[PDB]
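To start, the structure under review is shown below, and the notes come after it.
Labels below follow one simple rule: chain letters A, B, ... track the order of the sequence lines, proteins then strands, and each chain is numbered from 1.
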2 protein chains.
Amino acid sequence: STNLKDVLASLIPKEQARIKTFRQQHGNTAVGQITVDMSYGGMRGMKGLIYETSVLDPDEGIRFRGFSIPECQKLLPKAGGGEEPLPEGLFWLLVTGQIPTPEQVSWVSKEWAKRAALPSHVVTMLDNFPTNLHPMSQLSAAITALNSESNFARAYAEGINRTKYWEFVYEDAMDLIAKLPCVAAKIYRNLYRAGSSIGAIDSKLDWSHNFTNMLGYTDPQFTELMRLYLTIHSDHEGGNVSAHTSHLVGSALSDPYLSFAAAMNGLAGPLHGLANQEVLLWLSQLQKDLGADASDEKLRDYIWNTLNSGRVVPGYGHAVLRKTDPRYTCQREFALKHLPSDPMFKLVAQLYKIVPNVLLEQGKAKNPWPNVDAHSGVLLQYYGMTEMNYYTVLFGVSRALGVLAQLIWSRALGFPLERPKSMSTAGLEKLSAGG
Amino acid sequence: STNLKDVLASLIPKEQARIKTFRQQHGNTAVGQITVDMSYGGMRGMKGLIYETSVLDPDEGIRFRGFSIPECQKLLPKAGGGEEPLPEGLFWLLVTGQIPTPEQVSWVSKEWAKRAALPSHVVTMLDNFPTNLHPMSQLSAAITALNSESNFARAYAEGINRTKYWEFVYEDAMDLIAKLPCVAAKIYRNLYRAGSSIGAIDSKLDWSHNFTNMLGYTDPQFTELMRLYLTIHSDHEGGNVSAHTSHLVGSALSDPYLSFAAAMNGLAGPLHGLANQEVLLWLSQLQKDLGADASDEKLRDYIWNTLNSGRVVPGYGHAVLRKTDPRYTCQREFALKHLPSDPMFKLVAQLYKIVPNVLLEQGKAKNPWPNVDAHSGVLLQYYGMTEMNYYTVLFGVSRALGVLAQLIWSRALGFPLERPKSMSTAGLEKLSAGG
Ligand SMILES: CC(C)(COP(=O)(O)OP(=O)(O)OC[C@H]1O[C@@H](n2cnc3c(N)ncnc32)[C@H](O)[C@@H]1OP(=O)(O)O)[C@@H](O)C(=O)NCCC(=O)NCCCC(=O)O
Ligand SMILES: CC(C)(COP(=O)(O)OP(=O)(O)OC[C@H]1O[C@@H](n2cnc3c(N)ncnc32)[C@H](O)[C@@H]1OP(=O)(O)O)[C@@H](O)C(=O)NCCC(=O)NCCCC(=O)O
Ligand SMILES: O=C([O-])CC(=O)C(=O)O
Ligand SMILES: O=C([O-])CC(=O)C(=O)O
């Protein structure tokens with residue numbers, strides 16, 4: 001009865017026509033200009049990609065198909081007896097643009113339980129990895145190795161006509177999302193619970209719940225945290241490193257497994273998703289140097305020392321946002337509800353009063369406000385997940401939802417190879433005169 | 001006496017100042033505009049990145065630090081008794097902008113022989129990979145797994161000041177280049193010469209020669225082919241998928257191993273470097289359907305059938321080039337010198353007379369001329385390297401030179417996070433009015 005693939009079959013042709021006519025009328029309309037500073041500046045400020053699933057406003061923050069986080073919290077189906085949105089529903093919304101029914105949501109949950117199975121070569125590789133190999137590296141290498149199972153790769157090799165690419169992309173997308181929690185849980189267990197097993201998928205539970213059971217957590221509030229975490233980390237428009245990387249790579253017709261693994265190597269950068277890990281490590285050194293209950297003057301000194309040493313303060317700043325990330329606020333609210341007296345949470349709250357002021361004073365950051373990474377691990381730590389080097393993997397699992405949602409659309413719409421022109425400093429000086 | 005690291009130490013500060021002042025004068029100067037069609041079109045035509053090592057002219061083809069291929073052939077140091085340029089020299093030129101001496105070239109060769117060593121976890125992983133796992137996937141997963149050895153990753157974790165990033169990037173770059181041929185040869189042997197060993201590095205040979213010895217080839221002309229192949233595939237300005245991917249990923253401070261592995265997943269796409277493999281497979285089906293000596297009319301029919309089936313003709317077309325790729329010409333010339341009567345070569349030559357005309361007739365391709373991939377495998381096949389699924393790995397090994405050369409510079413120059421703004425179709429329609 002419910003079948004997202006059939007729903008997409010109807011939606012594709014209409015969007016295709018809509019875009020066709022618009023481009024007919026406005027393809028040559030200019031939307032902006034390119035300046036020297038933007039080229040040297042990592043395209044900061046350049047409108048460069050079409051990405052359908054979410055759009056970020058610099059002041060208001062992210063919108064998923066037009067809905068803000070608070071709206072998602074309110075509109076998306078929850079677990080029975082739950083308060084947090086199920087990521088399955090968010091996936092539905094991103095892919096279709098429509099809020100799903102709980103019946104639609106449960107089908108996604110069953111579909112994902114049904115497709116979760118790892119091939120042995122992958123299992124063996126994970127099991128043979130050394131404990132000093134970072135969790136993100138183990139995750140990316142496993143996803144890359146799963147490409148032997150790609151249906152898009154196989155169909156492409158068979159010569160399928162380009163109009164059908166989306167269909168195979170959708171299958172690999174659904175299968176990769178289904179398998180991600182098993183890959184992730186397996187790395188968790190091998191590294192931190194050696195000799196134990198992830199167990200089996202219960203076709204009757206939501207994806208976050210099967211994930212937390214494979215991780216070994218029983219707290220019901222932890223399951224709630226997971227549902228929220230996985231929903232909010234899902235997508236952040238297309239120009240963020242991980243999403244842009246999946247987009248660019250997939251544009252060459254690399255399969256979804258290869259596109260997602262490349263994205264993960266981008267998420268593992270300290271200026272991107274690895275910040276979630278870095279925040280915790282900075283905080284632990286904080287509490288170690290200054291010890292648990294610090295004074296404001298002492299926190300400032302600590303912050304200044306980081307800045308003075310040629311390092312960034314993790315968890316603050318943003319390439320597009322210019323105000324406090326609603327994702328940080330949404331986490332703060334969860335903390336205030338569930339772990340209001342945790343000392344680490346209290347520390348994170350105190351830095352909110354300090355850090356922005358120091359950054360402002362330093363005068364370099366364009367956005368002195370906190371971003372999502374400043375508040376994520378604090379939550380995790382409270383529930384017993386103290387392995388900070390593993391935090392980015394969870395962001396990785398979440399991010400698959402948004403990037404894979406968009407990837408289906410890129411191929412449905414026929415987006416071509418992403419290939420901008422580059423320039424050398426010498427060539428550019430000549431183009432202008434020099435300086 | 002020779003030490004590239006000391007040479008770069010002097011060059012950095014001067015380039016830094018040069019760029020600083022230029023941006024002072026022209027940072028706000030507009031270099032182009034962005035249109036709707038460019039956003040929907042994979043940034044085709046957008047000047048979007050600064051990339052120093054090479055620049056591609058749409059009519060003339062690639063220039064490496066200002067030199068064309070013919071000039072490199074003529075200027076770069078050759079092996080004793082050789083005719084083809086040594087890739088070590090090309091690496092020197094890209095990194096420094098200056099043509100190296102043969103003494104400088106030999107130091108690079110020794111440096112790379114000295115740093116070539118694989119850690120056991122990597123060896124074990126390769127040895128346990130199934131034979132159905134594509135060679136590019138095995139290569140990318142191994143490079144990702146080598147990141148446990150990263151010096152940049154380690155220094156970053158220790159808190160190094162940002163001004164010194166380049167120094168660590170340079171070390172990981174030199175080490176990754178040194179190890180690449182061992183990773184690559186090991187996949188070659190495991191897959192196609194099961195039970196044999198890659199052997200050891202001879203500190204006295206050039207990098208291409210140690211590579212061909214690990215692959216198991218003795219023909220001296222094969223060694224020459226390898227030197228040319230590895231030099232020409234080295235870099236192709238910054239907006240090509242693989243280079244852009246390394247650039248974007250490295251912009252987040254991910255280490256060179258993670259940045260290069262993500263690039264490789266982009267090179268493995270059929271519209272990018274995998275075309276080299278695809279050309280051979282298309283050709284083999286050709287000769288199989290039509291059998292060895294075909295008539296022109298028959299080749300045309302074969303070509304039209306591919307086009308009519310919703311597929312591309314591999315090896316033809318380009319996102320920027322608008323004339324025949326000098327890299328294809330440079331290969332043709334090698335063929336004419338060394339294997340002029342090979343039937344496959346003859347077939348490739350015949351398609352040169354046919355394909356462009358059919359593409360023109362079809363009227364879709366903007367560039368109906370051949371690209372580098374149309375002539376690479378033909379050369380390989382003649383020397384006995386008939387494993388077409390492995391061809392992209394060789395391109396991968398070559399490409400490390402250009403992208404890693406640039407990566408050092410990106411960090412030396414302090415390029416920030418690559419983060420453009422994205423837009424949805426809906427948002428864009430509104431920005432304009434709609435259509
Ligand atoms: C996120 C970001 C990389 C954005 O970069 P960008 O758009 O270039 O920031 P910007 O325009 O404000 O940078 C201007 C200057 O302020 C500095 N600055 C910005 N944020 C800073 C911070 N948190 N700490 C210290 N300095 C900072 C920049 O590094 C830059 O300095 P230089 O001119 O000397 O290079 C940056 O704010 C940063 O480094 N933040 C800390 C890392 C972090 O929290 N990353 C997580 C982001 C969310 C995610 O992806 O998960
Ligand atoms: C290389 C490239 C992806 C460039 O793409 P792009 O810049 O979009 O080409 P373009 O502007 O000429 O495309 C216009 C149209 O011509 C079509 N076309 C272009 N090259 C074609 C080819 N070789 N065979 C069939 N159709 C082709 C395009 O796919 C596009 O069709 P649609 O409008 O229906 O989408 C394209 O020429 C192609 O697909 N070539 C075949 C694959 C190939 O050889 N790749 C290797 C490139 C070199 C490398 O990276 O190693
Ligand atoms: O938006 C970006 O640049 C980074 C970010 O917060 C994300 O990807 O979640
Ligand atoms: O220039 C590009 O777009 C593709 C290409 O030929 C390469 O990367 O060698």
Side-chain angles (χ1 to χ4, degrees), chain A residues 21-22 25-37 39-40 42-43 46-52 55 121 130 132-133 137 140-141 144-145 147-148 161-162 237-239 241 249 252-254 258 262 265-266 268-272 310 319 416-422 424 427 432 435, chain B residues 21-22 25-37 39-40 42-43 46-52 55 121 130 132-133 137 140-141 144-145 147-148 161-162 237-239 241 249 252-254 258 262 265-266 268-272 310 319 416-422 424 427 432 435:
Chain A
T21 308
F22 167 56
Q25 276 132 280
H26 283 286
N28 48 289
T29 301
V31 300
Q33 291 209 307
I34 300 159
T35 60
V36 167
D37 271 346
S39 288
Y40 271 108
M43 300 179 180
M46 305 186 3
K47 269 163 219 90
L49 296 186
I50 280 290
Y51 187 95
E52 315 272 36
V55 184
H121 67 112
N132 73 324
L133 180 56
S137 298
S140 177
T144 285
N147 112 134
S148 54
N161 196 299
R162 46 147 101 206
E237 88 154 31
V241 172
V249 168
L253 316 172
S254 284
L258 295 193
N265 287 196
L271 306 182
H272 197 7
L417 187 74
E418 185 175 301
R419 214 301 189 198
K421 185 67 181 68
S422 69
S424 61
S432 299
Chain B
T21 308
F22 167 56
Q25 276 132 280
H26 283 286
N28 48 289
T29 301
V31 300
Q33 291 209 307
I34 300 159
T35 60
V36 167
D37 271 346
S39 288
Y40 271 108
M43 300 179 180
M46 305 186 3
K47 269 163 219 90
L49 296 186
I50 280 290
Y51 187 95
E52 315 272 36
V55 184
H121 67 112
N132 73 324
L133 180 56
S137 298
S140 177
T144 285
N147 112 134
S148 54
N161 196 299
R162 46 147 101 206
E237 88 154 31
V241 172
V249 168
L253 316 172
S254 284
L258 295 193
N265 287 196
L271 306 182
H272 197 7
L417 187 74
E418 185 175 301
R419 214 301 189 198
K421 185 67 181 68
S422 69
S424 61
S432 299

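- Top candidate by heavy-atom pairs under 4.5 Å with chain A, chosen from B:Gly42, B:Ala268, B:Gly427, is B:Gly42.
- Shown here is B:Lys47, whose NZ atom has no more than 12 heavy atoms of other residues, nucleotides or ligands within 6.0 Å.
- When the candidates A:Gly32, A:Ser137, A:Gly239, A:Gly48 are compared by the number of heavy-atom contacts under 4.5 Å with chain B, A:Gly239 comes out ahead.
- Counting only heavy atoms from C-beta outward, the side chains of A:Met43 and B:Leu49 approach each other to under 4.5 Å.
- Chain A forms the most heavy-atom pairs under 4.5 Å with one residue out of B:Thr21, B:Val36, B:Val31, B:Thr29, and that residue is B:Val36.
- Separation of atoms CD (A:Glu237) and CZ (B:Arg419) is listed at 4.5 Å; rounding is to 0.5 Å.
- Residue A:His121 touches chain B through its side chain alone, counting heavy-atom pairs closer than 4.5 Å.
- The heavy-atom pair separating A:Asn265 from B:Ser254 by the smallest distance is O-OG, 2.8 Å.
- For chain B, the option among A:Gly238, A:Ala319, A:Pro416 with the highest count of heavy-atom pairs below 4.5 Å is A:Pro416.
- In this structure, A:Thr144 contributes its side chain and B:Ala141 its backbone to no donor-acceptor pair below 3.5 Å.
- Most heavy-atom pairs under 4.5 Å with chain B, from the set A:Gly310, A:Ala145, A:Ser422: that is A:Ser422.
- Contact count versus chain B (heavy atoms, under 4.5 Å) is highest, among A:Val55, A:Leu417, A:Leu133, A:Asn28, for A:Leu417.
- Contacts with chain A were tallied for B:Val241, B:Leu258, B:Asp37, B:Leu271; B:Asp37 has the most, counting heavy-atom pairs under 4.5 Å.
- Shown here for B:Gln33 and A:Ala30, the closest heavy-atom pair between the two residues is OE1-CB, 4.0 Å.
- Put simply, of B:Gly266, B:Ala262, B:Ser432, B:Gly27, the one with the most heavy-atom pairs under 4.5 Å next to chain A is B:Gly27.
- With a 4.5 angstrom heavy-atom cutoff, B:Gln25 touches chain A only via side-chain atoms.
- Checking side-chain atoms of B:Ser424 against main-chain N and O of A:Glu52 turns up no donor-acceptor pair under 3.5 Å.
- Your options are A:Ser140, A:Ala252, A:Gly269, A:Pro130, and the one with the most heavy-atom pairs under 4.5 Å with chain B is A:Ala252.
- Residues B:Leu253 and A:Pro270 share a closest heavy-atom pair of O-CD, 3.5 Å.
- Side chain of B:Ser148 to backbone of A:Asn132: no donor-acceptor contact under 3.5 angstrom is found.
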